[PDB]
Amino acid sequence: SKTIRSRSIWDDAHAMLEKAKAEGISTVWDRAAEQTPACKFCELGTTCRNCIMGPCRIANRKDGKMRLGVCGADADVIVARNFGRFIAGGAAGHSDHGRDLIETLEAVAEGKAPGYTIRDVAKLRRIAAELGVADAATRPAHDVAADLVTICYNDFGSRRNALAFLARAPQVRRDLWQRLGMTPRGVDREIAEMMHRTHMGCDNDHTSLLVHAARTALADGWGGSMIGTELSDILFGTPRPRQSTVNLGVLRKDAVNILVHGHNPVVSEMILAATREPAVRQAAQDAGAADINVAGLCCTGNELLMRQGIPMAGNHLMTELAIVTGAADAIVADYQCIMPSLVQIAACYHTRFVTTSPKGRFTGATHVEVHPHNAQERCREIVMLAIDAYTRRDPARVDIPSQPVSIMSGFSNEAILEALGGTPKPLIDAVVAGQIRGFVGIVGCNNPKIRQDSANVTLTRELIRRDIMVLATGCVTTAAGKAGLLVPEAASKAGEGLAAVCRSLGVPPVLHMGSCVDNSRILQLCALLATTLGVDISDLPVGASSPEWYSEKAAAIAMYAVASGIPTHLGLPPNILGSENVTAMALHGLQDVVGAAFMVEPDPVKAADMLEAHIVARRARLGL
């Protein structure tokens, strides 16, 4: 089918799209077509629904009418407020994620989280000492954890002048933030202040609104997400390199297939542990299965991949198709990016759709709520539901379409530094020598507006060919993985300089650095490289790119990348083009404020040219 061919580059997606059509199942692509064309005001950002003096629409008319909202706000204010709330929603997703990790580490410290423990005590003592816990090296681990919990919770309070992890950024960058009024102070506080500023008659200056949008996003990258990443490593282990597989072929016809979907490893790690219990495995055998097969979707899949090597079934636009295989015995979801259509598609089969979070409620789902105190018992209950669902699987509707593709995951900063011998000097030397011209983090989503993973894969191939190492996170992981680029042998696809470094280290030219919260690792790596060189992050040969983004979370990541000094490419524009001034600020003006700006370019080859050009200019700023 020509329609099916245009929706994805992958054979496993094509096969399930044909199967979905044959069974009359509507997918995200079908609903995207129904919503095209979109409302032009909504797409431009020139619409406001923030009070019931409105709603209002703005147009650039010669007769002067509809130039202002009822309150008098112009297009610049309305667009900037909409963008600010958009970013705030993204930051809030990461904020609540990080908060849940704090609450879990606290439950461990109190001895009230059966089945949870401190799995990297060394990192616990290191992070606690870094953030100022007294005698972190020698005090009992639970006491050190309790003090770290208090520091993290205080960053979710209203009394700080700067977030705890912000001290990682170079001094020149913290000084710049302080002067600009951009320093993030509290993870929840910046979000709440954004919602206040965007109320009618509060912040009515587009520049001020965008500066606080930067501050809100920085409170994510250096706050909610960084706390999420570092505490997840403490609770579940610091990732180290390991082999795994990717695509729908990780599902097994002869096993109980449990797909974990969503974001928080507090749930998926305990689902995994439940499947490994002897009596639970025995119950699956008694049902006729060969074993229990856990496979990951989206970010929680990234987390199990990074720490346990659990194979990943797919990314955002693969989620509906994973159920269409007919082999998904249960989906276990927590929150964020879980399309509610999955509840209806699961209803077409035997599949149990299980929700686990009080925040991720889906009408018609099977709710088995999970908290640290009951997770071990509840996750065992959930696996038994999956085994019971497996006994009702219709074999005539099963179609697992592909063979899995080998990948290498686990590239935490700890893992990168260990592969380098313990210091960043061999990496710095390769950059100075020009073997590695720079680094680009390719992050973010899929979007039905772009043929699935076409731009993600093309940009990855273009960059490594130009001796630019790629750091992959989020749903881009599945793209690079299915393209064969997450293995050391993919050095054959890189330019001469990058291939030589990769082969000397035994690593791929594309390093999987984790989930979307683990974009905080890229911030940490840039801060480390800048501090070692005595420069700003805005002087490093780095870039960021989300060629196929969709979510508010992705926009917040892009904003905190830009605000931290990292030129950031987006394949698609945010809904801001109705304000020329807001657009010019995002694409150009921010360069003169924070030392980086957004780029919007749907051609991934042209995006590669633009990212490379910034890297070249940065290499000149360093006199290379």
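Numbering starts at 1 and follows the sequence shown.
Tell me which of 558-566 and 579-587 has the higher mean C-alpha B-factor in the deposited entry. The recorded data point to 579-587.
Stretch with the higher entry mean CA B-factor, where the candidates are 287-295 and 365-373: Taking the mean B-factor of the alpha carbons in each, 287-295 is higher.
Highest-ranked of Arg160, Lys253, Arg215, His512 once sorted by CA temperature factor in the record: Among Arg160, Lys253, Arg215, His512, the PDB entry lists the largest C-alpha B-factor for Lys253.
Residue with maximal Cα B-factor (values as given in the PDB entry) among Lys123, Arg352, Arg197, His97: Comparing C-alpha B-factors across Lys123, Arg352, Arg197, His97, the top value belongs to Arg352.
Hey, what third does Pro574 fall into on Cα B-factor, ranked over its chain? Its C-alpha B-factor belongs to the middle third of this chain's values.
Lowest, middle or highest third of the chain for the C-alpha temperature factor of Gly221? Bottom third by C-alpha B-factor.
Based on the deposited C-alpha B factors for this chain, I'd like to know if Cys56 is in the lowest, middle or highest third. Within its chain, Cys56 is a lowest-third residue by C-alpha B-factor, going by the deposited values.
Cα B factor band for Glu462 (lowest, middle or highest third within the chain): Within its chain, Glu462 is a middle-third residue by C-alpha B-factor, going by the deposited values.
Relative C-alpha B-factor of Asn82, binned into the chain's lowest, middle or highest third: Lowest third - that is where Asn82 ends up once the chain's C-alpha B-factors are sorted.
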